[PDB]
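One structure is given here, and the rest of the page talks about it.
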Amino acid sequence: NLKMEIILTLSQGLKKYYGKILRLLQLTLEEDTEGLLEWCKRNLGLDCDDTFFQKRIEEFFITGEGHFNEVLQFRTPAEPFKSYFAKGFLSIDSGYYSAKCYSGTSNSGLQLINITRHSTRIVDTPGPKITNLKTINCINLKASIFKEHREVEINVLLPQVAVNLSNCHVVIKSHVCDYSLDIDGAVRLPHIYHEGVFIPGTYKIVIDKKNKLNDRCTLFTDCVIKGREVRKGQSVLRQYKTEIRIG
Amino acid sequence: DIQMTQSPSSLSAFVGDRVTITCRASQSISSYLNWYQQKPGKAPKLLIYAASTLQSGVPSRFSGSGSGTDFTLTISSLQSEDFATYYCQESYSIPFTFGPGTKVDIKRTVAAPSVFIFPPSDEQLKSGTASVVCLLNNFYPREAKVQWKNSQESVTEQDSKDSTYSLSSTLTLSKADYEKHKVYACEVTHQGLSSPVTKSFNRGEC
Amino acid sequence: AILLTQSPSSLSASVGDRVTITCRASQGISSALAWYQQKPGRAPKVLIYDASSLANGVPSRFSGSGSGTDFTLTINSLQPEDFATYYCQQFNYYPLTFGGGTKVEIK
Amino acid sequence: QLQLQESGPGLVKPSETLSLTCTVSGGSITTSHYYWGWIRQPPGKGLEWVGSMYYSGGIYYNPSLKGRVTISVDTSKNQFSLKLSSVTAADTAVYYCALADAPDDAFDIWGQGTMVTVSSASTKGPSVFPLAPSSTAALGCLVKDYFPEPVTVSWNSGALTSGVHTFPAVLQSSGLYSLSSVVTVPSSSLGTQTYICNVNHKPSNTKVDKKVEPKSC
Amino acid sequence: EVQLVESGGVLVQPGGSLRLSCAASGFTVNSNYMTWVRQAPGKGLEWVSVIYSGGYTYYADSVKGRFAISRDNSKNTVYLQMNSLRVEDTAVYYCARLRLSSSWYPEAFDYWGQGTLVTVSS
């Protein structure tokens, strides 16, 4: 054949390994697996197929217990990756993108939401098209302004409600992974497959205003408002299209 | 991430006094404070659910104030129903964590205890045991002592209307030891009394 | 496959000469070239295990230098014990392959 | 309005499990997610979290419970549950079920302050002794050798709702609780009008309505 | 000292089958990668196949369809087996151990065996 199959060095293959995981989390849109299958066979002694990667993500973020190594393998009590860390997080860096991801710890602390069982559709309602950052009552959005006045944090409490970014350069913080997003569209969130789709329980949008690259940055999302039902009673969460200008 | 602090860990004032308690945060939060007026041992009840907005079911005497990192709860005139522990709670970052809580309690003019004493019931002796109760009631302030001539003491919470305490104290004895004494008394001393006072009974009289 | 090629095909050299041979790949391999003695009716033997890094037990007369895709092997002194044929390898890609090697000629 | 009843066990062994249950009345979670959670208070401490569920359906757990916690809603019965595992004597506390009926994120509808206590000691129904004067006067009755912590008393089956004091219980030297309660009465009524100390200890099967009467000194 | 000895090479009829072997000594073949290389007489070396410690294998493009490399832990032996020989299969075959750098990159063959000759003709 013409195609010389590449043999990846430990560092090169390790970057491609993380590159594949980041695509499965849906944080990235492209992946390079050339030579990744060989790298696993020599360094890991197993085939890094889609099934293998699914268990690594599922174990690292949810079901895994005990010490973990740089390749997301766990141990409950010469060759590489036999030093199992216990720091609680791994820096998943593919070289083209990177995200700091915190290891699962079972029911200890904030959990995740199963969007296969959960699917919250919020009925539309007329509402103000523009919302001032200084007076956000929405139940999905909480805003904090700091004394410097050139930093804004928007805490999203309903990850199920899409937030679309336009002309923004942002840093996302969550109990699952931390990363930066520089592309327009719906905020990307880590999706972990475990007998269904799981996403962060909450995430924080950090907007740095001390630089010029966030000029004209604007958020478009649904403002969830708990209004009372004219009929029957109780509370039926509604929503309305709104825009929050930051820049 | 967020944590809360309150300046008066306790505050004390007379009925009719204006009072303020403060809550401030480890970050800045844009409104999003709750306040709860827990009477001890009851379930709390929500007073205020955002800065400067009042729940419909509670008196207009309460109002919120401030913005950003620092807030205060104010009472335009404290009423003896206001004996309670007050918590702030933040609402910027799940989990909505409470402050440490400020206990507010009511100052009064002194009142001496209408001390009483009760012999052991025969039903206790029929059980092979004996007890004697010495009681203080309608007295303030709380500091009093029950000299007996091996004791436990309980003081009830400041009464929502009397603004005033009551206190109980108990001896325990075997009926064998209860046989060893002709007379029992408790002596009590309190700053509202003119002088220390005692009550007693004779075992052979009752 | 990755085309590995080497020059000169035969090398005139005499006892005590200092001399060099060249090995090259048609693509940008960067490291993991290996060089072997071979002698008539014998197994080859390694001399160089990665580019410049001399293998253990090799005579210090040999050394390697370069930047992968272009590389050379150099002799400090042609000891007649090392009249042989020299072969080079690459490990940067599968399939593994060897050049045609080089002759040395006593001249 | 809403109403709640934290109708769980008052006593469990160490290494057993709770099953605190919170029926909600006046509504049903079938209609739409309600923000709700379990709050805790051990005696002599501020309020402490157990677990929560925002309008996301995203459970929270307080990490200091070492992941022993387990929330569950149950939409079938307008109900909530908490299933704390491996309970241990440090977890002696009152617990409150709470919902946000309104407004957006404040607990308005707190239930009743149920409590659970956690030790090897068995339940032990109270015994009651009359406490009435010799020849205004006080009246009362004394409650002793009772466990677990919560016992309630009321006078004349509730008729004497005013003029009453009850004293927070204290540890007897044997580790049981004891309690006393008293009333202040016009002596013109003493003996001529009957007075009944009525005590209720839901954590056992025991109730006693004991009359008090002046002593034949 | 570790030595590799190849044996069992013979003349065989073209299209026939053959079982090369390579016994190890001083180490266990399953611990580290074993390779095969061969030379057509008067030509240079060529690579044949490799077996990883995980028992996975790779083969030269000319041979991927025809040769199987195998090993047995208990016989401490690697095997190379021919499904059908071509005339160009005549060569001396050497077994060799493959040594990784500590970075687990393959760097050089060492401890080459004494070689074995196979031939294919009328």
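Residue numbers (the deposited numbering), protein chains in the order written: chain A, 248 to 324, 340 to 509; chain L, 1 to 149, 158 to 214; chain C, 1 to 107; chain H, 1 to 35, 35A to 35B, 36 to 82, 82A to 82C, 83 to 100, 100A to 100B, 101 to 128, 135 to 216; chain B, 1 to 82, 82A to 82C, 83 to 100, 100A to 100F, 101 to 113. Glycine is no exception: its CB is placed at the ideal position from the N, C-alpha and C atoms.
### Task
Step through the CB atoms of chain A and report whether any lies within less than 8 angstroms of the CB of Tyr94(C).
Yes, contact with chain A.
### Meets three-Cβ-pair contact criterion under 8 angstroms: the stretch 66-79 of chain L and the stretch 17-26 of chain L
With contact defined as three or more Cβ pairs closer than 8 angstroms, the stretch 66-79 of chain L and the stretch 17-26 of chain L are in contact.
### Query
Closest to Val2(B) by CA distance: which of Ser99(B), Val84(B), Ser17(B) and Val29(B) is it?
Answer by Cα proximity: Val29(B).
### Task
Please compile the residues from chain B whose C-beta is within a distance smaller than 9 angstroms of the C-beta of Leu261(A).
For a Cβ distance threshold of 9 angstroms, nothing in chain B lies close to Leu261(A): the least Cβ distance comes to about 11 angstroms.
### Message
I'd like to check one pair, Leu451(A) with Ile94(L): are the Cβ atoms closer than 8 angstroms?
### Response
Taking 8 angstroms as the Cβ cut-off, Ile94(L) and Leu451(A) do not qualify as a contacting pair.
### Assigned secondary structure, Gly41(L) (DSSP; H/G/I helix, E/B strand, else coil)
In the structure shown, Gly41(L) sits in coil (DSSP, three-state: anything other than H, G, I, E or B).
### Message
Could you compute how far the alpha carbon of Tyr264(A) sits from the alpha carbon of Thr280(A)?
### Response
Going by the C-alpha atoms only, they are around 8 angstroms apart.
### Task
Go through the stretch 422-505 of chain A residue by residue and report every complete run of the beta strand (DSSP E) that reaches 3 residues or more, in order.
Whole beta strand (DSSP E) segments, 3+ residues: 425-428, 432-436, 439-443, 459-461, 465-470 and 480-490.
### Query
Buried or exposed: where does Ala84(H) fall if 16 or more other Cβ atoms within 10 Å of its Cβ makes it buried?
Counting the other CB atoms within 10 Å of its CB gives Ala84(H) a total below 16, which places it among the exposed residues.
### Query
What does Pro126(H) reach in chain L if we use C-beta pairs closer than 8 angstroms?
Ordered by position in chain L, the residues that pass the 8 angstroms Cβ test against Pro126(H) are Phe116 and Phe118.
### Message
Counting only beta-carbon separations shorter than 8 angstroms, does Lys288(A) have a partner in chain B?
### Response
Look at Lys288(A): its C-beta is under 8 angstroms from a C-beta on chain B.
### Task
Would you kindly check if the distance between the Cβ of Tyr92(L) and the Cβ of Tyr32(L) is under 8 angstroms?
Judged by their CB atoms, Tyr32(L) and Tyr92(L) are nearer to each other than the 8 angstroms cut-off.
### Query
Which residues of chain L have a Cβ atom closer than 8 angstroms to the Cβ of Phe408(A), listed in chain order?
Residues of chain L with a Cβ closer than 8 angstroms to the Cβ of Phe408(A) are, in chain order, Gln27 and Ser28.
### Message
Just to make sure I have the definition right: I need the residues of chain H whose C-beta is within less than 7 angstroms of the C-beta of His380(A). Which are they?
### Response
Against chain H, the beta carbon of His380(A) has neighbours under 7 angstroms at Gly55, listed in chain order.
#### Entry: Boundaries (first-last residue) of the alpha helix (DSSP H) holding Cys216(H)
Here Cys216(H) belongs to no alpha helix (DSSP H), and DSSP marks it neither H nor E.
### Query
Just checking my contact of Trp35(C) with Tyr87(C) at CB under 8 angstroms: how many whole Å lie between their CB atoms?
With 8 angstroms as the limit, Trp35(C) and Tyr87(C) qualify as a contact, their Cβ atoms being about 7 angstroms apart.
### Query
Between the stretch 23-50 of chain C and chain A, which residues of the former have a C-beta closer than 9 angstroms to a C-beta of the latter?
Along the stretch 23-50 of chain C, going in chain order, the ones with a CB nearer than 9 angstroms to a CB of chain A are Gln27, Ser31 and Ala32.
### Residues that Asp86(H) contacts on chain A, provided the C-beta gap is smaller than 7 angstroms
Neighbours of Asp86(H) on chain A: none; closest Cβ ~16 angstroms, over 7 angstroms.
### Query
Quick one: is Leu249(A) buried, meaning 16 or more other Cβ sit within 10 Å of its Cβ, or exposed?
Exposed.
### Query
In three-state terms, what does DSSP make of residue 329(A)?
Regarding the residue in question, residue 329(A) is not represented: chain A runs 324 and then 340, omitting everything in between.
### Query
Of all the CB atoms in chain L, is at least one closer than 8 angstroms to the CB of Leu352(A)?
With respect to chain L, the C-beta atom of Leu352(A) has no partner C-beta closer than 8 angstroms.
### Query
Quick one: Cα of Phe91(C) to Cα of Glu100D(B), how far?
Cα-Cα distance, rounded: 7 angstroms.
### Query
Who are the neighbours of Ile75(C) on chain A, taking C-beta pairs under 8 angstroms?
Within chain A, no C-beta atom comes less than 8 angstroms from the C-beta of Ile75(C); the nearest is roughly 30 angstroms away.
### Query
Just the Cα atoms here: how many angstroms apart are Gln1(H) and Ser127(L)?
Spanning the two alpha carbons is a distance of roughly 49 angstroms.
### Task
Please report how far the alpha carbon of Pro126(H) lies from the alpha carbon of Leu138(H), in whole angstroms.
When rounded, the separation of the alpha-carbon atoms in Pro126(H) and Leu138(H) is 7 angstroms.
### Per DSSP, cross-strand counterpart(s) of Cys196(H)
BP columns for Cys196(H) point to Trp154(H) and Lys209(H).
### Query
Is there at least one Cβ from chain C nearer than 8 angstroms to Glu252(A)'s Cβ?
Taking CB atoms only, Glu252(A) has a neighbour in chain C less than 8 angstroms away.
### Task
Mind listing, in chain order, the continuous beta strand (DSSP E) runs of no fewer than 3 residues lying wholly within the stretch 40-75 of chain C?
With a minimum length of 3 residues, the continuous beta strand (DSSP E) runs that stay inside the stretch 40-75 of chain C are 45-50, 62-66 and 70-75.
### Task
Could you pull the start and end residues of the beta strand (DSSP E) that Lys103(C) belongs to?
Counted as a single uninterrupted DSSP element, the beta strand (DSSP E) harbouring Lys103(C) occupies residues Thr102 to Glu105.
### Message
Please report the distance separating the alpha-carbon of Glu212(H) from that of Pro185(H).
### Response
Computed Cα separation, rounded: 14 angstroms.
### Message
Any beta carbon from chain B within less than 8 angstroms of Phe98(C)'s own beta carbon?
### Response
By this cut-off, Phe98(C) is an interface position.
#### Entry: Residue range of the unbroken alpha helix (DSSP H) whose run includes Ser258(A)
Residues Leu257 to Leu271.
### Query
Between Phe299(A), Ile304(A) and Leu403(A), which lies nearest to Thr393(A) when the distance is taken from Cα to Cα?
The option with the nearest alpha carbon to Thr393(A) is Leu403(A).
#### Entry: Cβ-based neighbour list, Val12(H), same chain, cut-off 8 angstroms, excluding 5 preceding and 5 following
Hits under 8 angstroms: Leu18, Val82C, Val109 and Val111.
### Message
As a quick exercise: from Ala1(C), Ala84(C) and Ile2(C), pick the residue whose alpha carbon is nearest that of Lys45(C).
### Response
Measuring from the Cα of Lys45(C), the nearest candidate turns out to be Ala84(C).
### Any chain A beta carbon closer than 8 angstroms to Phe91(C)
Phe91(C) counts as touching chain A.
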